[PDB]
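One letter stands for each residue in the lines below.
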Amino acid sequence: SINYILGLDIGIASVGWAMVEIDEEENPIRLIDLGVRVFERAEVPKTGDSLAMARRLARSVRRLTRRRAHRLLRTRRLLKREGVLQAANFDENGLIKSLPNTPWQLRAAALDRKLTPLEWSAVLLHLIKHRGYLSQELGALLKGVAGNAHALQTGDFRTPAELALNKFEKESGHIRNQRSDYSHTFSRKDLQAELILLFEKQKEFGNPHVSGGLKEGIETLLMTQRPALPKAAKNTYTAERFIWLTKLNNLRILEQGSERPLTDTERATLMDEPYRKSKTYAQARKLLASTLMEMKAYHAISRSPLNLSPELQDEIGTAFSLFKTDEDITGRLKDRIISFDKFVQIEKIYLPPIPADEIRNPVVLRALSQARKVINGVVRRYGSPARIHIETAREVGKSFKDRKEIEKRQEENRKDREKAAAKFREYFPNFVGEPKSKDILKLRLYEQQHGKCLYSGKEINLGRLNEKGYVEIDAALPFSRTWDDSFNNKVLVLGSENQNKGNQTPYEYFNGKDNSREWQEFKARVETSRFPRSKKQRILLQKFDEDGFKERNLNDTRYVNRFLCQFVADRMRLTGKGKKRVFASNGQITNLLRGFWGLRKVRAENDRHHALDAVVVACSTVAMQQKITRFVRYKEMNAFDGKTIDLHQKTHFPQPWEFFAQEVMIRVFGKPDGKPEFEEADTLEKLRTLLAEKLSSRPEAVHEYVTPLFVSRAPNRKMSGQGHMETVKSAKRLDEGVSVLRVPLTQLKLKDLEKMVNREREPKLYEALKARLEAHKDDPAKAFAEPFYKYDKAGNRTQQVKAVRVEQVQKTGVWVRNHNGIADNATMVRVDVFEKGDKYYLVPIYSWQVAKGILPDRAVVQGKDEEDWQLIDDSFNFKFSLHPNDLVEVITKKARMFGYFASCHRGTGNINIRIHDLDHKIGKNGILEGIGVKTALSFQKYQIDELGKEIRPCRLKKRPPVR
RNA sequence: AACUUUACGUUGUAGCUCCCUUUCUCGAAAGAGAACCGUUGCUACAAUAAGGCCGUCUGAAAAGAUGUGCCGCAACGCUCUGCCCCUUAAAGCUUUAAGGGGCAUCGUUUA
DNA sequence: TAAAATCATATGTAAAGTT
DNA sequence: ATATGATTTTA
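Residues numbered from 1 in each chain as written, not as in the entry; some residues may be left out. Chains lettered and ligands numbered in written order. Heavy atoms only, no water. Residues with missing side-chain atoms left out of burial classes, pairs and counts.

This entry lists X-ray crystallography as its structure determination method and reports a resolution of 3.3 Å.

Going by the annotation in the PDB entry, the name recorded for chain A is CRISPR-associated endonuclease Cas9, with Neisseria meningitidis 8013 given as the source organism. As stated in UniProt under Cofactor, the record for chain A gives "Mg(2+)". The UniProt entry for chain A carries the following text under Sequence similarities: "Belongs to the CRISPR-associated protein Cas9 family. Subtype II-C subfamily." (UniProt positions renumbered as here; feature names shortened; annotations may be inferred.)

What follows is the structure in structure tokens.
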């Protein structure tokens, strides 16, 4: 078994890992295995919405439609019973036969006349169906609702129906809303008033069925809709005292040597003041700039304290959170003796599931769950690791908004950098080479420092700015004791002045403690200088937490890192030094060590760089930090000229072992660093011979655990999902392969127009439309926003055109909407593969074929449609079944191709595969589109572990069912 | 992360309706009448994943009534189930048995 | 040709609230 | 990203 350190680089859609041996004193000595794990991040890629959004909106809509349908069913039953309809009015399907299709006009007429049973029924069903809007600043629909309400009772109109007809047919031509207008909505209260008024009139005129029974049934149906909805409710004495106290007890003051909570007398002074006084934070230190506290319940009742008690306060808190109305709240309060809500919350060898109560971001939950997968795979394979080193990406834990904000920020800063480099080139025309980062930064610091050597105030000649050994960008506070590479820690000073500083802060160097003249001049310099406030603050740090600062800069206090260190240190058997065995690297320090150790990247081409930073942070042990700190300290105050401790004049960074970058880059990429267009060593034989080959002096790089990197991917072998696309097209013409869809005029372009159904039936319409689209250079949304009519054979305009039909090609459907419509398909959960006569046959299995349980009986032939497709019987040998991201290999004479199954072409009978790391030196983004299967020799799906180990073929027996 | 409703949109079928291709009759032609389609606009009813169910009342079952009726595009996991893989051990490739893991058509959220 | 590789185009949406 | 009509290239 091994003593090893497992490094992890965690992303939103990838987890890279590596294992590095340690010697007894925890130096890096050897590298074993390394891997990547990719999946799909837990959100919709392009719109940032949740993954369950589609499912919940589907649920909401399903329930809405079934509840409305059921409402109408109950209304028909009620009609039949209270005596309006006999059994001759209804037909076989329980649908009232012979309905008047003229309900609005009947409503208006219905307040002057005795109506026969059928039209009374029609209006009643009409009101139940479209039942208006209920209560449950700005407006869009609410504006239209309120406008019609105002018109209806702050005007001369009788009633909503009548009003609607005249007003909406006088200046719109259409009663109902269309295409996202909301002005013709109605308040349910106004529909209710219209209903009662109609009942009065039908009572008056002698309508037979205007009974109390029908009135209650109909009215209740119209108005009734479901009302919106031992753990601790928060607005309770027990909960607010706790939120006050437990969040108070971790407030720390930076003391002389350590941090300290407030003294028992200090905490006592203001424990009871949020009780005794209404308010605070800025006045927390005024007694002992955000809020940080307010006692909501106690002070709400006050606004001389109040005289209540906990048992009563606990009961009123519970009663107000479980109930909303006056009704039940008074009940429990009445026995016991304002608005409340928002209830309160209340070692092995492997890692237990990530607590979804503790972790409530889906992206982070998925990333950490695959992190746990990788961790347990590594453990079961190699035994318990000594240390777990974690480096989690910057975008982990952030909202979609925040991620986008940062994406924006980095584009504008890249534009800025190009502009600044242009200025620098203009300043330095004869500059041999191109601007590097430190040169541009030297220019910025010159401008920022006012062209003054911030340590001496000497004017800096710009001509010599980029002279080797004239100006140097400095670590104001030194790097040995603080590990600060940050931009606020850098000031541009001459080389003449920065040679006797040592590793001293300016306050220990300019004798700031005796407030000497040099310190006064210096503080003035940086104060007036163009640096931000943060920079000025850190340049003049007087005394600080040496150990605190270094720990701060090596450790990430992000929530996910905090929790992850805590959860992997508490609930996991780690063979490490008991003090602190999990480590969350700082982003900038990991970046520094990668860039200084030779793995400065190739900027996202293939999917294996995650292993790079996993390796870089695996190696950040305390012994390595020792070595780096000694080296940096030395170089800080020279001492690199003939001397010795316990010192050659050209010593660069203490890398873990000699030839770190070479070995690591070979193993991770199979090619030597600097040469990414080599011949990849995709075998053990090539990789091991290349490691014994290229690396002469390192025979410790060839052992029995050297395996090439094969990225593992998320297996999504679900058999549920979307049934069909939500655009329903007519199937009347599906005999010949077409289907007609009403395309609205505002969004039909030339290509859509050419397929217009009546192109040979209104050459004047076709011609006007073609003419107009060509006239406006077809941008239809603007080109048809001017009402366009239908001119006669020899005459004036007659009829508006608001949408026109278009026939589109179709050879597949999904018969939806009661076999009345055909829709497109969307999800191919599976592809069953058969082999007869050394030929390979593909059988797509979709997700409606699963809902019905259809096991398809037909394979795919190119060009021929489903009715002329090869049938599959008992003569076909079963091979395997492919789901998305199933590792498959296909061998033919041309090539051998090995990857993850991604697509199956329905038309062409081909399948597409992704490469393991989606590389662009192969295919289209590493997706291999269009692969032969019928003419090939070998076709078999394999296995994959999360690590990449244990890749072995598959043979299946009995063909599985679809349900 | 759940939950109520609304208003559209799409498909189907009706009544009216703006255009119009062919086919039958009347006419010398000019024009008319019609039919089956296609389809512009308006209104209404049915459906609004594909698929599966419940409960209450008369009933002897038949079978009829009835409901603020219900689930179905996700995350995670291994208590149960299915597949696949890995070990381990015994006998003549399977069997038995024990164990472990990956993923789901399995389980919880969830009705 | 038949199969394999390539290219190319279409995917439902606003509102109002509640816990 | 998926699904799939339509088109070109190849044994």
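Moving on from the coordinates now.
Caption draft 1: Quick peek at the side chain of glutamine 448. The topology assignment puts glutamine 448 in helix α17 (residues 437-448). Take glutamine 448: its relative accessible area is 13%, and that puts it in the buried class. (Helix = DSSP H or I, 4+ residues; strand = E, 2+ residues; numbered from the N terminus. Buried < 20%, exposed > 50% of the residue type's maximum accessible area, 1.4 Å probe, protein only.)

Caption draft 2: Seen up close, the UniProt feature "domain: HNH Cas9-type" in chain A. As recorded in UniProt, the feature "domain: HNH Cas9-type" lies at residues 399-554. From the first C-alpha to the last, residues 399-554 spans 25 Å; its make-up is 46% helix and 6% strand.

Caption draft 3: Spatial organisation of the protein's contact with RNA strand B. If you check the shell around RNA strand B, you find 108 residues, and the closest are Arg55, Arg63, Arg67, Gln136 and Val728. For RNA strand B, the fraction of protein-proximal atoms (within 4 Å) that sit in sugar or phosphate groups is 75%. The side chain of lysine 764 places a nitrogen or oxygen atom 2.5 Å from a phosphate oxygen of RNA strand B. The contact in question runs from a phosphate oxygen of RNA strand B to an N or O atom on the backbone of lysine 802, over 3.0 Å. Among the elements that take part in the surface near RNA strand B, helix α1 (residues 53-81) stands out by supplying 21 residues, more than any other. When grouped by side-chain class, the residues that make up the surface near RNA strand B number 34 nonpolar, 31 polar and 43 charged. (Near = heavy atom within 4 Å. Polar contact = N/O pair within 3.5 Å; in protein donor to acceptor, adjacent residues only side chain to side chain. Nonpolar A, V, L, I, M, F, W, Y, C, P; charged D, E, K, R; others polar.)

Caption draft 4: Molecular detail of the pairing of strand β16 (residues 830-836). Note: β16 against strand β17 (residues 839-845), seven bridges, orientation antiparallel. Within β17, the residue paired with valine 833 across the bridge is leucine 842. Hairpin remark: β16 followed by β17, antiparallel, with two residues in the connecting loop; positive phi at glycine 837, about 60°. Looking at chain direction, β16 and strand β18 (residues 877-882) are connected through five bridges and run antiparallel. When the bridges of β18 are listed, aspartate 832 appears paired with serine 881. (Pairing = 2+ DSSP bridges.)

Caption draft 5: Highlighting empty space enclosed by the protein. For the largest cavity, the calculated volume is near 130 Å³. The wall of the largest cavity is formed by 13 residues, among which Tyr237, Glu240, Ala297, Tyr298 and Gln313 lie closest to the centre. Going through the elements one at a time, α8 (237-248), α12 (296-302) and α13 (310-322) are the ones with two or more residues in the lining of the largest cavity. Grouping the amino acids of the lining of the largest cavity by side-chain chemistry returns eight nonpolar, three polar and two charged. (1 Å grid on protein atoms, 1.4 Å probe; cavity = no way out; pocket = protein on both sides within 12 Å on 5 of 7 lines; lining within 4 Å. Points joined across faces, edges and corners; volume = space filled by probe spheres on them.)

Caption draft 6: Molecular detail of helix α6 (residues 188-205). Helix length check: α6, at 18 residues, gives a terminal C-alpha distance of 26 Å against a target of 26 Å (1.5 Å per residue), a fit within 8%. Where α6 terminates, the next one or two residues include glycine 206, which has phi positive at roughly 90°. (Expected span 1.5 Å × (residues − 1).)

Caption draft 7: Seen up close, the protein's contact with DNA strand D. If you check the shell around DNA strand D, you find 14 residues, and the closest are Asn825, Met828, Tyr846, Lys894 and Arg914. Sugar and phosphate atoms form 74% of the subset of DNA strand D atoms that lie within 4 Å of the protein. The side chain of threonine 908 places a nitrogen or oxygen atom 3.2 Å from a base nitrogen of DNA strand D. With respect to DNA strand D, the side chain of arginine 914 contributes an N or O atom lying 2.6 Å from a phosphate oxygen.

Caption draft 8: Region of interest: a nonpolar patch on the surface. Side chains of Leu251, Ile253, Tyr281 and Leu292 sit close together on the surface and give an oily, nonpolar patch of about 300 Å² of accessible area. Mapped onto the secondary structure, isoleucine 253 falls in strand β4 (residues 253-254). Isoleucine 253 gets classed as partly exposed once you look at its relative accessible area, which sits at 32%. (Patch = residues over 30% accessible without salt bridge, like charges linked within 9 Å, V, L, I, M, F, W, Y side chains within 5 Å. Areas by Shrake-Rupley, 256 points an atom, 1.4 Å probe, with all protein chains shown as cover. Salt bridge = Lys/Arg side-chain N within 4 Å of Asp/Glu carboxyl O.)

Caption draft 9: A look at unusual backbone geometry. The backbone of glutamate 26 shows a phi angle near 60°, a positive value even though the residue is not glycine. Within the secondary structure, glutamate 26 is located in the loop between β2 (14-22) and β3 (28-38). We note that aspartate 838 has phi near 60°; this positive angle belongs to a residue other than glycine. Mapping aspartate 838 onto the fold places it in the loop between β16 and β17.

Caption draft 10: Spotlight on the sheet that holds strand β23 (residues 938-941). Taken in spatial order, the five strands make up an open sheet running β22-β21-β20-β19-β23, and their pairing is antiparallel. The open sheet has two edge strands, β22 (927-931) and β23, and neither has a second partner. Across this sheet, the average inter-strand angle for adjacent strands is 40°, counted without regard to direction. Of the pairings in the sheet, the one linking strand β20 (residues 896-904) to strand β21 (residues 911-914) comprises four bridges and is antiparallel in character. Looking at the pairing, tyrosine 900 lines up with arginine 914 of β21. (Axes fitted to C-alpha atoms, helices over the stretch in contact; angles between N-to-C directions.)

Caption draft 11: Region of the structure containing the domain arrangement of chain A. Per the domain assignment, the segments making up chain A are domain 1 (83-210), domain 2 (237-336), domain 3 (447-544), domain 4 (728-816) and domain 5 (826-941). Summarising the inter-unit geometry, the C-alpha centres of domain 1 and domain 3 are found 80 Å apart. (Domains from an automatic or database assignment.)

Caption draft 12: Here's a closer look at a positive patch on the surface. Taken together, the side chains of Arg55, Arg62, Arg63, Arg66, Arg67 and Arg226 define a basic patch exposed on the protein surface. Residue position: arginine 63 is located in helix α1. For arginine 63, a relative accessible area of 35% translates into the label partly exposed. (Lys, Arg positive; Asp, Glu negative; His and termini not counted. Charge placed at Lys NZ, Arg CZ, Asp CG, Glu CD.)

Caption draft 13: Spatial organisation of the sheet that holds β17. What the three strands build is an open sheet, ordered β17-β16-β18; its pairing is antiparallel. Of all strands in the sheet, those with a lone pairing partner are β17 and β18, marking the two edges. When strand polarity is set aside, the average angle formed by the axes of neighbouring strands in this sheet is 25°.

Caption draft 14: Structural view of helix α7 (residues 212-223). A rise of 1.5 Å per residue sets the reference length of α7, with its twelve residues, at 16 Å; its end C-alpha atoms lie 16 Å apart and thus fit the reference within 8%. Taken together, the buried positions of α7 are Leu214, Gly217, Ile218, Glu219, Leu221 and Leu222. The elements touched by buried residues of α7 are α1, α3 (117-129) and α6. (Contact = heavy atoms within 4.5 Å.)

Caption draft 15: Spatial organisation of the environment of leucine 887. Here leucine 887 is to be found in strand β19 (residues 887-891). For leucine 887 and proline 715, which are 172 residues apart along the polypeptide, the C-alpha to C-alpha distance reads 9.0 Å.

Caption draft 16: Main features of a negative patch on the surface. Taken together, the side chains of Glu754, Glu774, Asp778 and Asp779 present a region of like negative charge at the surface. Relative to the elements of secondary structure, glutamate 754 occurs in helix α28 (residues 750-754). You can call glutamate 754 partly exposed: its relative accessible area is 38%.

Caption draft 17: Inspection of the environment of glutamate 680 at higher detail. Relative to the elements of secondary structure, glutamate 680 occurs in the loop between α26 (660-669) and α27 (684-694). On the basis of relative accessible area, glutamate 680 is assigned to the partly exposed category, the value being 26%. Aside from chain neighbours lying at most four places away, what touches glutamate 680 is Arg608, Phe669, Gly670, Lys671 and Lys686. Within polar-contact distance, the side chain of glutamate 680 engages the side chain of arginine 608 at 3.4 Å.

Caption draft 18: Geometry of the packing of α13 against helix α14 (residues 326-336). The geometry of α13 relative to α14 is characterised by a closest axis approach of 9 Å and an angle of 170° between their N-to-C directions. Between α13 and α14, the angle is such that the two are roughly antiparallel. In the packing of α13 onto α14, the handedness of the crossing is right-handed. Along the contact surface, α13 presents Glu311, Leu312, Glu315, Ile316, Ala319 and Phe320, while α14 presents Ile329, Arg332, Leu333 and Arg336. Along the lines of polarity and charge, the residues of the contact of α13 with α14 split into six nonpolar, no polar and four charged. (Parallel < 35°, antiparallel > 145°, perpendicular 65-115°, else oblique. Left-handed = near helix turned anticlockwise from the far one by under 90°.)

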